[PDB]
Amino acid sequence: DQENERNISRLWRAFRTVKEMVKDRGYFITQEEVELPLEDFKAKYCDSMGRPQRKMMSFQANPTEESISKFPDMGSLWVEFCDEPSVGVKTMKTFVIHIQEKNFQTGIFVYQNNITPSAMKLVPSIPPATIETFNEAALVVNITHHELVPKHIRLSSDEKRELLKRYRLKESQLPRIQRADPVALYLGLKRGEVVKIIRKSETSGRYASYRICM
Amino acid sequence: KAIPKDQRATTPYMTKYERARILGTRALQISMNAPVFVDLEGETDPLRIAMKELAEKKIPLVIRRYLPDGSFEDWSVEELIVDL
């Protein structure tokens, strides 16, 4: 079996997670399409001997009808993986454009060992559309499942213009969350969006709370 | 910013800090030789008098409660429910 049996098992979990995330992100996905066991996995994204064909895992995902009630202009999403352990500034023009034509809005790229500092500096060059970057060893486990982390939530540019109004709040007076905050990424927020942290409290069972994004 | 008598939101009760300042504030005024809108049943202490002026809710004052954002809500001692 050697030490490749695992190197896959991880790429597997690491996979599931991106599904979860992208569904929580408010897109269309099934519990089954997620609870996709290991067994069935092998036989689908592998070749002959038994290794992983990442460039075959990539895919698209769309906005549940529900997420359309709240966020109208939320475009469609696209995720991708790479068989290149050391991605380069060339394979990017490939990704970047693939989306600029199809006309999407959200782009999730999952590198393995790292990306060329020559590459990354191309993401913020095609607005509106936005791109994100996650390492594999990152997505291996969904933090948001952690005992301590409580569920956050994005708020429409109205549920916010409200939250403020109803609290006589000046944008800045609101508790903040780090753009690079684990969960801030897991839900891909932007400078401005607010999250509604709803936790459990020994004072009163529940306890709303909020956090803007700096 | 000003708030209508309506759309009122604050507590319907009186913060101890509210009462105590009123009480104090009044008594001070009383001893300042100020008009006293109640029958002094023989009281000679401005506080004591104020305390009465209060348990008959005949104290001409209005607490202006300020809100973090600047706007305020005005509440009279006639209204304010004095439990404590």
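All of this is worked out from the model, or read from it or from the source named; these are not laboratory values. For neighbour counting, all protein chains shown are included, and Cβ atoms are generated from backbone atoms with ideal geometry for every residue, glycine included.
I need every pair where a residue in region B:59-70 that is within 14 Å of chain A (Cβ to nearest Cβ) has its Cβ under 8 Å from the Cβ of a residue that is assigned to a loop (DSSP other than H, G, I, E, B), sequence separation at least 6 or different chains.
Every condition considered, the pairs that remain are B:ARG65/B:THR10; B:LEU67/A:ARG168; B:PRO68/A:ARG168; B:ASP69/A:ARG168; B:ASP69/A:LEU169; B:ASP69/A:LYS170; B:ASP69/B:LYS1; B:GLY70/B:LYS1.
For residues that are within 25 Å of A:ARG16 (Cβ to Cβ) and either in a loop (DSSP other than H, G, I, E, B) or outside the structural domain of A:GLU33 (by CATH) (or both), tally how many sit in region A:72-118.
13
Residue check: is A:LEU169 of a type in the set (A, V, I, L, M), more than 26 Å from A:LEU77 (Cβ to Cβ), without any contact (Cβ under 8 Å) to a residue 40 or more places away in the chain and not in a loop (DSSP other than H, G, I, E, B)?
no
Got a sec? Which of B:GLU53, B:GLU79, B:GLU43 is more than 14 Å from chain A (Cβ to nearest Cβ), acidic (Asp, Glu) and assigned to a helix (DSSP H, G or I)?
Selected residue: B:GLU53, the only one of B:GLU53, B:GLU79, B:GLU43 that is more than 14 Å from chain A (Cβ to nearest Cβ), acidic (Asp, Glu) and assigned to a helix (DSSP H, G or I).
Tell me, yes or no, whether region B:3-14 has at least one residue that is away from every other protein chain (no Cβ under 14 Å), under 13 Å from the mean Cα position of the chain (by Cα) and surrounded by 13 or more Cβ atoms within 10 Å (Cβ to Cβ).
Yes, the conditions are met somewhere in region B:3-14.
Looking at region A:48-71 only, could you name the residues that are in a helix (DSSP H, G or I) and not small (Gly, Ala, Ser)?
Within region A:48-71, A:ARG54, A:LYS55, A:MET56, A:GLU66, A:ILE68, A:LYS70 meet the criteria.
Could you check region A:139-166 and list, in sequence order, the residues that are in contact (Cβ under 8 Å) with a residue 40 or more places away in the chain and over 24 Å from the mean Cα position of the chain (by Cα)?
A:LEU163
Which one is nearest to the other protein chains (Cβ to nearest Cβ), of the residues in region A:145-175 that are surrounded by 17 or more Cβ atoms within 10 Å (Cβ to Cβ) and closer than 13 Å to A:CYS213 by Cβ?
A:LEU174
Take the conditions part of a helix (DSSP H, G or I) and closer than 22 Å to A:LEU187 by Cα and apply them to A:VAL18. Does it pass?
It is true that A:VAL18 is part of a helix (DSSP H, G or I) and closer than 22 Å to A:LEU187 by Cα.
Test A:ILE131 against the criterion of being free of Cβ contacts under 8 Å to residues at least 40 places away in the same chain and touching a helix residue (DSSP H, G or I) at 6+ places or on another chain (Cβ under 7 Å), and give yes or no.
Yes, satisfied.
Is it the case that some residue within region A:131-147 is in the same structural domain as A:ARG54 (by CATH) and acidic (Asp, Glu)?
Yes, region A:131-147 contains a residue that is in the same structural domain as A:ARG54 (by CATH) and acidic (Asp, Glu).
Just wondering, is there one or more residues in region A:131-144 that are in contact with an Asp or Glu (Cβ under 6 Å, 6 or more places away or on another chain) and of a type outside the set (A, V, I, L, M, F, W, C)?
yes
Which one is surrounded by the fewest Cβ atoms within 10 Å (Cβ to Cβ) among residues in region B:15-65 that are in contact with an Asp or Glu (Cβ under 7 Å, 6 or more places away or on another chain) and under 26 Å from B:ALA2 (Cβ atoms)?
That would be B:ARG64.
Can you tell me which residue within region A:21-47, out of those that are part of a helix (DSSP H, G or I) and aliphatic (A, V, I, L, M), is surrounded by the fewest Cβ atoms within 10 Å (Cβ to Cβ)?
Ranking the candidates gives A:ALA43 first.
Residues to consider are A:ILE126, A:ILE131; find the one that is surrounded by fewer than 18 Cβ atoms within 10 Å (Cβ to Cβ) and more than 14 Å from chain B (Cβ to nearest Cβ).
Every option except A:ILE126 fails the conditions.
With the structure loaded, tell me whether A:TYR167 is outside the structural domain of A:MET74 (by CATH) and closer than 24 Å to A:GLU66 by Cβ or whether it fails that test.
no
In region A:180-198, what count of residues is obtained for those that are surrounded by 13 or more Cβ atoms within 10 Å (Cβ to Cβ), free of Cβ contacts under 8 Å to residues at least 60 places away in the same chain and not in a helix (DSSP H, G or I)?
The total comes to 8.
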